[PDB]
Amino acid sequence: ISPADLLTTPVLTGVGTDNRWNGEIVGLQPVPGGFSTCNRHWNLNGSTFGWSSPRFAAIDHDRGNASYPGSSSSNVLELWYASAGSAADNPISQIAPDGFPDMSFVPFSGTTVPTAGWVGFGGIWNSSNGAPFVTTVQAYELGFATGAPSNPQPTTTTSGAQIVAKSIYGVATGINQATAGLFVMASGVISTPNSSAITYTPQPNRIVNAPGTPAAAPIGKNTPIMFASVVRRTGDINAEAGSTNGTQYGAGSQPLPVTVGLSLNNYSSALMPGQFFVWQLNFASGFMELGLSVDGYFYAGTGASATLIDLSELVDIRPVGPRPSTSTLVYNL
């Protein structure tokens, strides 16, 4: 098959979402130093090194442990954690439940709200019958850590780690429950302590990768890119694109339509390592080239630039074909 139909015009002009936050892609964020991503990320061999499927449903784990700090159980933070490698229900990988975010945990306590944490809505439930602990529903920060539960610290490797959920606001009544279940909707938001937007999230040094995840590095003047969408933040839940308190961008490694397609057919015979499958992105004044690697990473010929490329003036996408990564991808505004 030719992977050309994987990146059509609607994918980057309003319909396509990023494979991490499920937000409408509105920009291309180059990463001059490179990055890695495996969760909800597919390559051209039909495989992922991650633990999530190309869909945004619910995060669901049935065997963790829940607790609350302090001497009072009312309006208190609730902590849930489980060992990485215990998502027995997940057929893709037992590392983490399908949909668990690939971001290192940002520690916090008390009134302080974590900065740049993945946050989702849900709570704790009872593993023996499936009944919810109704007094534990809240917004929870989710992430990978070590030293849980005594002192969760951010980690970006999966083996030996722990997955952690902790409410950023006080739950109605906290519970101490062993073999506790976690249920959180897989569509997330970015935690902010106030109304200000922050830098794009997650930053490369916050992404958690499984053993064997290939990295995206520069090849000459070609630089790997992430796909930026406007993601909501807890500090100002109303803010969307062009807000007076700043525009919050979330970033993903692939357009979700590309991930879906890569996960249904095998494209091993379309590319060899050292080649991009190139599309030409045509704008109102000028054009640029997008290149896709066998590892499922996208590149651009922007060199050391980290300025975000706005897509609001993109007109159409035309496939080009395989091209050598020795050639600098064209970039003409």
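One-based numbering along the sequence shown.
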Residue stretch of maximal mean CA temperature factor, 239-247 vs 152-160 = 239-247
Given 283-291 and 27-35, the range whose Cα B-factors average higher in the PDB entry | 283-291
Using the entry's values, work out which of 65, 43, 266, 52 has the largest Cα B factor.
-> 266
Of the residues 135, 253, 112, 177, the one whose Cα carries the largest B-factor in the deposited record is 112
Sorting the chain's modelled residues by C-alpha B-factor and splitting them into thirds places residue 216 in the middle
Sort the modelled residues of this chain by their C-alpha B factor and say whether residue 146 lands in the lowest, middle or highest third.
-> lowest
Divide the modelled residues of the chain into thirds by Cα B-factor and specify which third, lowest, middle or highest, holds residue 78.
-> lowest
Third of chain Cα B-factors occupied by residue 116 = lowest
How does residue 167 rank on Cα B-factor within its chain, lowest, middle or highest third?
-> lowest
